[PDB]
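Protein chains in written order, with the authors' numbering: chain A, 7 to 490; chain B, 4 to 490; chain C, 7 to 490; chain D, 8 to 490.
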Amino acid sequence: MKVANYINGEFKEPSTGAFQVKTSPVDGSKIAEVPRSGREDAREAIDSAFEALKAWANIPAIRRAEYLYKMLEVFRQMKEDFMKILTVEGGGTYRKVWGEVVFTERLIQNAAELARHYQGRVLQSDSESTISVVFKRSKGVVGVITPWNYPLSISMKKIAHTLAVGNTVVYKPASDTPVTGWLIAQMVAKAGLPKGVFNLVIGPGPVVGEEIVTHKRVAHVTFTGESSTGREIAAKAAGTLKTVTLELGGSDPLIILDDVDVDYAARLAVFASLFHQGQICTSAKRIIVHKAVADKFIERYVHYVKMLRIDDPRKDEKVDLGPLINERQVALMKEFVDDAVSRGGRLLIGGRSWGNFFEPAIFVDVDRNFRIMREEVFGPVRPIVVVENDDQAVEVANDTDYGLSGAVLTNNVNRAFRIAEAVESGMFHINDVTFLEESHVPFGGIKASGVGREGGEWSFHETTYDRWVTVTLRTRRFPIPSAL
Amino acid sequence: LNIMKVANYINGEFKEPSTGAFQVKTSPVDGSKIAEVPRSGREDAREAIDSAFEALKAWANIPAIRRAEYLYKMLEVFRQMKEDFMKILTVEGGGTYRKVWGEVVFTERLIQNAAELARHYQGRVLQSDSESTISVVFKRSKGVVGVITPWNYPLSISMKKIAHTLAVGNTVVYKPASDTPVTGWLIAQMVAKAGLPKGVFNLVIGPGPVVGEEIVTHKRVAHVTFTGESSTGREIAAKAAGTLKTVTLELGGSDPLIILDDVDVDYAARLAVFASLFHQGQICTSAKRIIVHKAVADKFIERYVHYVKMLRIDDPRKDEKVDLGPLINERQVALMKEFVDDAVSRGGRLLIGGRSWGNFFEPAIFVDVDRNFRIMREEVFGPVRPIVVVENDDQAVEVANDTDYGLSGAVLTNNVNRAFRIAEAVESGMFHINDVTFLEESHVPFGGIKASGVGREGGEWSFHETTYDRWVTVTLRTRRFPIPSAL
Amino acid sequence: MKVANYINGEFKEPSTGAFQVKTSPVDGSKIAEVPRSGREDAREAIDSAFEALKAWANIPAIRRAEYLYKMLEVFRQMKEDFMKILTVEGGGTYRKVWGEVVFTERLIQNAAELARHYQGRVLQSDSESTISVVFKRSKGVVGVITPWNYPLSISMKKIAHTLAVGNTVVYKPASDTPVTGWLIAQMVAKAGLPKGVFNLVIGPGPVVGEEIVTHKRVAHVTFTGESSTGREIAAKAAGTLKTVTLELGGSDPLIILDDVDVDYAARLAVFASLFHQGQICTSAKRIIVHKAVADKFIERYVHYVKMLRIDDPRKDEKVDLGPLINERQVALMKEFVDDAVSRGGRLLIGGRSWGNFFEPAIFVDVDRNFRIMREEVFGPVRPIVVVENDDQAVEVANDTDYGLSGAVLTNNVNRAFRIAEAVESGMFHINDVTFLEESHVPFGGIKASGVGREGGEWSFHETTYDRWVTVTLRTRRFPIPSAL
Amino acid sequence: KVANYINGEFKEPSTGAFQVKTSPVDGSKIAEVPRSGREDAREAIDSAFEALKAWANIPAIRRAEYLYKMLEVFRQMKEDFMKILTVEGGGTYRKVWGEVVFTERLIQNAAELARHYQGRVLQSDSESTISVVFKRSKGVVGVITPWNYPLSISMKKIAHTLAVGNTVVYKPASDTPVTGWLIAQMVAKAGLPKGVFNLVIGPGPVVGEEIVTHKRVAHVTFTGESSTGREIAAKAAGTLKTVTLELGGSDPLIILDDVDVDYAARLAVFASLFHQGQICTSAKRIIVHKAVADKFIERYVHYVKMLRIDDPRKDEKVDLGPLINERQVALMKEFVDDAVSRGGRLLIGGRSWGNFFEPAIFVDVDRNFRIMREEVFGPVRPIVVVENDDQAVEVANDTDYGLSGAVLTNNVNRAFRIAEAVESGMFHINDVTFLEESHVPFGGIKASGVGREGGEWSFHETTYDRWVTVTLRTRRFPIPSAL
């Protein structure tokens, strides 16, 4: 299977012909040949986007909405193809990739729904005879740069909404998930969007991505990935004063208090901490439990972790966990386990690994110096920390450089609200999973987890600017020359 | 100042810089000594930052109405200090009585505006796509905010940033332009007398590349709001990335004033003189490139030059009717001389002006320019102004947009279709029909596009820059989860 | 034709069984048998909507949106049937019923798009430890009462938005357009909305309408019709403190200044004043022209009026004007012409009538005491008035009980804005027709023209309420007993 | 010496008719006051109509300046206002101090917000079309108020309606005319342009109905009894003017089994009996969970017993003052007698002397009791014991009213489920039923009225939206088709 770039309405090879073979994390079988594009390809996409910009931005919102409703209809027909690739390319289980595709349907529909309804403001003027209003205008060409864990839904949340308010897009997917990206471009092409409005360039982040980030004709970059990458991108973007949206790592706390249904809390914790092998930005990566239920919680949680079924995700619809995306991820998880053991952690269960598969390793007896307390653990290694009271719960929850999401389980309204208030995160959820996400809510973090919010109108805020415009209806006298 | 020394203001107290280092601030008007002021370093900036950080939670956590009360107290104090602010704006900044009067009136409105809005900054209650789910969005303050400002409108620019940032729960570390330190210290005087809690507002006087950079690179600083040169802005934005702090950047402008053929030409000339030369053209939103339709160009140019002839340049302390004061320093005079010399060298026609003496520089008006003139390619932060004659509205627009900047802009015309088409096509953050390019109100989104920066300031827009949205949910019913599937 | 009520999910005859025959305005021929329902039929519909309410109000908005998207799909299939009936029962020409059906599609889609995005507010509390927010709640059972001129679009605007946000509906169409009402019921039935959510009762206003207006379980009535009818409904509604939306008559001013393209201005005026025989709430009913262009304007206007083709609207697609809705309208226009001639008016053209057809009658030399200047002329009789300046234009424009829409033609920005500002109307359009309408803007008037606004989120404002809710997180001392 | 305030001038009514305002405390004469007729009201209405265009057309900042001036004068008049709220209205020091502090916040609030009421810029579905929505003031606004919180309620309607460019015709409750006069004094001293604000003192069915039926009045904002509200709404129809109606309430206070029972009793005493229970959002029906019901009733009655009833002028710690008039006492007596007769168990109180009524607390009541079926605008209170949360909600909702409501519980699930199911315009978890802030939407559903007041919600009531477009291209029209 050969995959291509999508530039100015045309599927085409990179200008060098350079290509790369992509393999499945599941068994190493070959999947496709994909472009290894370079700077010239990115520049061509940016140039196409730029030349398409004025026509795309200046048609009525309702027309852009019609293209998006069309893209929605095309997506609905391609659902099976997307699910297939999210599994074999990305390692996702059926339930995982099904969920991603449902959400992605909802995201495209949401962008379409909202395009006509993004409003500016009419202001009171402090001056006589003055009309004072504020228009919303699209930023221009927008770079879209994405990760590999939820490659479809993350890409589409950015792409659909950015397009909705009249920006054009240059899209560079994660090198482990280029085929998903190529399918998105297939969907867009079948939807018949004007040439240059959406462009796909497949290539290395440090080459194609950096060209996008540093190009003068790009107005904004919306980026999801590691904090370190985000910081580099932000620095590079400064040269042209382009704005950025950065959704970076998380190390979300899940806080379990002593008044919970302990069995339910364990079920919830298992799903939150380990869904998609814990490879989720808002995965519950640090579990924090009140000592009065800690023993029962830990037993029950481990009991349910043991029930998890790890297998070839292609095999059937009931597989719980698939493989990690590549061998480097397995190597890193081993470093995390090695660190925890060396610092006196107790390995209650798991740690076995074969190929790219990894059995969830669960630690207790951890302290704040463990790497799995200090770093984002983007994989199935999880600490459980026991605390004596709610002050400690909050202290532990905030003892991280990250600040994405978080959750508290309790039946007490005062403890729930106090903890929600006190925990330093961009998002918070009482009595639910840490990775709750809807299409039209402001999704994003604080501290090292990034800047900006995406989802519905918040995506619109990110890729538009306000424009104050006035009409003065009366002449007046001016202070200079005073001789007049 | 006859009874007090100029100092930093850190955690509730007026201190010396820790090195004791100082330097003499002199008047641009006559070189006379104004005061010794601090020359702080990274240590003093650090102490201010830590003070702001330690004050943060108590200041953010009180009810908004409490912060508004403090801003109302500040407003009352400002009204008492108005003459002192005007005096210093004139003698330290070189502004005329009418200029500094306007700045002080606007500053009063800015402080009041931030006080008015503090209680009313709202979040959102959302419809959940899920059953049994409450879904809402709170507004939270960003934290410690660095405020770094220029010398041209040092009071109103500083206070727009300071008053609004404080209103919504942030604490502040403020570093004024080195050419206007006494204005910053007077601001500190004002805050101190309003009795804000210690650490909530801090003033550090010292070099941008030292004190400023420390503010921009420090990890306990959440956001920087900055006004100044575009090159300085690019530098700050890149330094900002290291800690993922956000920035607000109000950078240069090269605003187009477009004059069409159906205008009252005399009114156009009067408007244009004011727009282009007020405060010696030292305004971010000064009308820096005048663009006139060929059908009225000859009479416009004659009229414009006629009124420019009347401009009275003098010592701004002399009386209330002085039109233009001096430029802020000698580097600026040297730079204007270059702009003038370049235009003449390139074949430009100097219609009037061109003399300078000390820090004083006369308006210098050119025609017969092309896009390669320095005064068409760069921001001319002084009284040197090109007039460009064009043949139609398309050329008006093409010329208007032929710039790296994109702050403001204006068109004069009585034709509704021409006005609206030109307003829509000009590439700027702000735009004004039948008014000056530097229109500004306390509560409107002020800011640019392209090289003129990012973000908006004024009223709720300032609040948008220095707060973040926080999505919170409550789920009222249990459910089953997909893993383990065996269950 | 098999026309019936639609109550609680079932098409059924009125309780008494009474029917009445609907004939065509075009030629008097039989069109269909329709119900003549009574109070019992209205009460049964109301009870059904009331019983259905909680289930409909409490599902997620996305679920209500789904039903509306389904309604949209059904409507798209019924287009030809709607155009047919609007022409044959309403007398609308092809181009008119086309426009109405195109706009109806947009109305339904608009209601669907917005359902999920109607937001409340999170407030700053002046108290410590207090959470303070505002929810949006549906008002409840909403009565929808509608007129004969744009029966489809006007009804669907009210019905679609009202349902979107969680109200249930009892709908009573105009007695002269009952088949359109029935076809609407068909669409909703086929869309599969839960029983009782939407209900159609075909009956006379003073019987079925008044029951709807006075019933205790109806929360709100949205009404469009004559100002006199509106005043009555508003008084009857007072008993049960139900709120109302009232879109009443208009007598909109079209103001033509001396700097215009006179030929264009004439073309615009003909369209705005006489489309659908001037039976439009926002018809340009009072034309006001500057003396410097009056003669040329009047000449050119009369010229294009004379070109208008009046005919059987069923014949072909290029018919300009069809019949008036009934004999009473013809009689009323004759009265209008009688009064005008009587007072010195100069009849420039038209006035001929046969059956329900009527040739547009255009008058000059009028003064403020003419009926055609004092009342809403819901038909093809139009005064042109000459004024000497802008002050006079505004004075004549505002010299009316009404205040719905209005328009000014000019290329001068100062004159356009000063006039826009000075004219007393709920709506105003610079360089366009008086009856400009979009699906998502606030549509409605001031003065005798009614109260409230409809369209998009403005319709939501009408049929929801704000609900302030707090949570206090700390205990405190109270002032009584003071001894405590 | 008390008079009307019409078009910048303090003047006697046309007919010269007056009447005597007496204190509810001891019947003492307070002042002679206008008894105005339809012509003093027509005069105020024409004054406001004629002042309107100048007032609405100045920039908002200038109206805000006038309100900040009003605030400065109000702060000077604080003591005067308290004194009159007490002697004329019957309020204790603590009640009137609260009302005055809140009123100050109300005037400041309207001033703060005047410059910031925004319209919208829209996306047009058409090409070459600018599409925006302006906010415009409705015009002359009638303000008609009740007697229980006459200052705060009046000023909430008046400050906000003024802020956004309406002019005002104000008729206060006949039982509290001096407070309305003091307001006119504050306004006169702030120097508002003549006719912008007008005070007419007189009878509701004369002065009030003229305001309500006058053609040049665009809006009436009303607070009072539901029946009066229905009458006003019907009359308003004839000129298609809009109305804001804040009517009675019968608010439920729901107390669940997991509470701090003592704290709940304290909160309940304050909520149910402050200002002698004469509050629209008073906790008028107390609903308590079986499991804590006995200890709650005991603790609640214990604290009610502690309430000090006395001349509110006597000192700052008096808990309760009198009812407003003799007729209120007689009504409460009917409420008490009906409950006794129906089998109710009177736990405490029920006595009355002069205009002072002793809080009467009942248990063992049913839904047929008058104090369960009607608004009890005084210190007579039923306690209903329930077995589960479903019963709590059923009892809470078994009323014609729907103003506010509250639940006390530490359980998040029960709190939210109950909050959602209670049919009320407002609701408070773990606080009193009558919580109120200056900038929040205050109002009810069902028989408690329509519309919301407070900050921008006040603005919404007394402004309309105006869609204005500019079309920048010409186009072809579909008639005549031959063209």
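All residues carry an ideal CB built from backbone N, CA and C; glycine is no exception.
- According to the Cβ coordinates, are D:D258 and D:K291 closer than 7 Å? Taking the fourth sequence and counting its residues from 1, one reaches residue 258 of chain D at position 251. Taking the fourth sequence and counting its residues from 1, one reaches residue 291 of chain D at position 284. In terms of Cβ geometry, D:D258 and D:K291 form a close pair [threshold 7 Å].
- Message: Starting from C:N420, trace the alpha helix (DSSP H) in both directions and tell me its first and last residue.
- Response: For the purposes of this step, residue 420 of chain C is identified with residue 414 of the third sequence, where counting begins at 1. DSSP places C:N420 in the uninterrupted alpha helix (DSSP H) bounded by 419-428.
- Query: Between the region 115-132 of chain D and chain B, which residues of the former have a C-beta closer than 7 Å to a C-beta of the latter?
  - Reply: The region 115-132 of chain D vs chain B, Cβ under 7 Å: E119, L120, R122, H123.
- Residue-chain proximity (C:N418, chain B), Cβ-Cβ < 7 Å: The sequence position of residue 418 of chain C within the third sequence is 412, counting from 1. Cβ-Cβ to chain B under 7 Å: yes for C:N418.
- Under the assumption that D:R352 contacts D:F369 (Cβ atoms under 8 Å), give the Cβ distance between them as a whole number of angstroms. Sequence index remark: in the fourth sequence, residue 352 of chain D carries index 345 (1-based). Sequence index remark: in the fourth sequence, residue 369 of chain D carries index 362 (1-based). That pair is a contact at about 6 Å.
- Query: Going by C-alpha distance, which of B:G361, B:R315, B:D317 is nearest B:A337?
  - Reply: For this step, residue 337 of chain B is matched to residue 334 along the second sequence. Ranking B:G361, B:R315, B:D317 by Cα distance to B:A337 puts B:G361 first.
- Please determine, among B:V150, B:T230, B:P66, the residue with the shortest C-alpha to C-alpha distance to B:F204. Position 201 of the second sequence, counted from the first residue, corresponds to residue 204 of chain B. Comparing Cα-Cα distances from B:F204 to each of B:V150, B:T230, B:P66, the minimum goes to B:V150.
- Mind reading off the beta-carbon distance from D:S465 to D:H167? Whole number of angstroms is fine, and I expect it under 8 Å. Counting from one through the fourth sequence, the residue named residue 465 of chain D turns up at place 458. Counting from one through the fourth sequence, the residue named residue 167 of chain D turns up at place 160. Confirmed, Cβ separation roughly 3 Å.
- Task: Name the one or two DSSP bridge partners that B:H226 has.
- Result: Here the question's residue 226 of chain B lines up with position 223 in the second sequence. DSSP lists B:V148, B:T249 as partners of B:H226.
- Cβ atoms of D:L415 and D:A271: under 7 Å apart, would you say? Position 264 of the fourth sequence, counted from the start, is the residue given in the question as residue 271 of chain D. Position 408 of the fourth sequence, counted from the start, is the residue given in the question as residue 415 of chain D. Going by C-beta atoms, D:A271 is nearer than 7 Å to D:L415.
- Task: Closer than 8 Å by beta-carbon distance: list the chain C residues that pair up with D:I486, in chain order.
- Result: One-based indexing of the fourth sequence puts residue 486 of chain D at position 479. Residues of chain C passing the Cβ test: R101, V276, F277, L280, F281, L314, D326, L327.
- B:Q125 by DSSP, collapsed to three states: which one? Indexing the second sequence from 1 puts residue 125 of chain B at position 122. For B:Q125, the secondary structure class from DSSP, reduced to helix, strand or coil, is coil.
- Please decide whether A:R421 counts as near chain B, where near means a Cβ-Cβ distance under 7 Å. Stepping through the first sequence from its first residue, residue 421 of chain A is reached at position 415. It does not: the Cβ of A:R421 has no partner Cβ on chain B nearer than 7 Å.
- A:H446: contacting residues in chain C (beta-carbon distance under 8 Å): One-based indexing of the first sequence puts residue 446 of chain A at position 440. Ordered by position in chain C, the residues that pass the 8 Å Cβ test against A:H446 are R122, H123.
- Query: Helix, strand or coil: which one does DSSP assign to C:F204?
  - Reply: Indexing the third sequence from 1 puts residue 204 of chain C at position 198. If DSSP states are grouped into helix, strand and coil, C:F204 belongs with the strands.
- Item | Best match in A:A243, A:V250, A:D87, A:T230 for proximity to A:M193 [C-alpha to C-alpha] | Counting from 1 along the first sequence, the entry for residue 193 of chain A is found at position 187. Its Cα nearest to that of A:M193, the residue A:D87 stands out among A:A243, A:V250, A:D87, A:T230.
- Give me the Cα-Cα distance between B:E39 and A:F342, rounded to the nearest whole angstrom. Position 36 of the second sequence, counted from the start, is the residue given in the question as residue 39 of chain B. Position 336 of the first sequence, counted from the start, is the residue given in the question as residue 342 of chain A. Spanning the two alpha carbons is a distance of roughly 57 Å.
- Message: So, for A:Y471: in the same chain, excluding its five sequence neighbours on each side, which residues have a beta-carbon less than 7 Å away from its beta-carbon?
- Response: Position 465 of the first sequence, counting from 1, holds the residue named residue 471 of chain A. The residues are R143, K145.
- Could you check what DSSP says for D:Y310 in three-state terms: helix, strand or coil? In the fourth sequence, the residue the question calls residue 310 of chain D occupies position 303. D:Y310 falls in the helix class under three-state DSSP.
- Item | Best match in B:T249, B:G23, B:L354 for proximity to A:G236 [C-alpha to C-alpha] | What you label residue 236 of chain A is simply residue 230 of the first sequence in a count that begins at 1. Of the residues B:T249, B:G23, B:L354, the one whose Cα lies closest to the Cα of A:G236 is B:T249.
- Any idea if A:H309 is buried or exposed, counting beta-carbon neighbours within 10 angstroms, 16 or more meaning buried? Position 303 of the first sequence, counted from the start, is the residue given in the question as residue 309 of chain A. So A:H309 ends up on the exposed side.
- Using a cut-off of 9 Å between C-beta atoms, extract the partners of B:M379 located in chain A. Here residue 379 of chain B refers to the residue found at position 376 when the second sequence is read from its first residue. Close to B:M379, with beta-carbon spacing below 9 Å, lies no residue of chain A; the smallest spacing is near 19 Å.
- Quick one: using the 10 Å Cβ neighbour count with 16 as the cut-off for buried, is B:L4 buried or exposed? By 1-based counting over the second sequence, the position of residue 4 of chain B is 1. Exposed: under 16 other Cβ atoms inside 10 Å.
- In terms of DSSP beta bridges, what is D:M162 paired with? Residue numbering aside, residue 162 of chain D sits at position 155 when the fourth sequence is read from its first letter. None; D:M162 has no bridge partner.
- Item | Whole-angstrom distance between A:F449 and A:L247, CA atom to CA atom | Translated into positions along the first sequence, residue 247 of chain A becomes position 241. Translated into positions along the first sequence, residue 449 of chain A becomes position 443. Those two C-alpha atoms are separated by around 24 Å.
- Message: Less than 6 Å between C-beta atoms, sequence neighbours within five positions excluded: which residues of the same chain meet that for D:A300?
- Response: Residue mapping note: residue 300 of chain D aligns to position 293 of the fourth sequence, counting from 1. In the same chain as D:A300, and ignoring 5 residues on each side of it, the C-beta atoms closer than 6 Å to its own belong to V392, in chain order.
- Message: If the criterion is Cβ atoms closer than 7 Å, does the pair A:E253 and A:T230 meet it?
- Response: Counting from one through the first sequence, the residue named residue 253 of chain A turns up at place 247. Counting from one through the first sequence, the residue named residue 230 of chain A turns up at place 224. Closer than 7 Å, so yes.
- Determine the burial state of C:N418: buried for a count of at least 16 other Cβ atoms within 10 Å of its Cβ, exposed for fewer. Walking along the third sequence from the start, residue 418 of chain C turns up at place 412. Residue environment analysis places C:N418 among the buried positions, since at least 16 neighbouring C-beta atoms fall within 10 angstroms of its C-beta.
- Just checking, does the region 111-129 of chain B make contact with the region 111-121 of chain D on the three C-beta pairs under 8 Å criterion? In this structure the region 111-129 of chain B lies against the region 111-121 of chain D, because at least three pairs of beta carbons, one per stretch, are closer than 8 Å.
- Query: What does D:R424 reach in chain B if we use C-beta pairs closer than 9 Å?
  - Reply: To locate residue 424 of chain D, count along the fourth sequence from 1; it is residue 417. Identification of chain B residues near D:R424 by a Cβ-Cβ cut-off of 9 Å yields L479, ordered along the chain.
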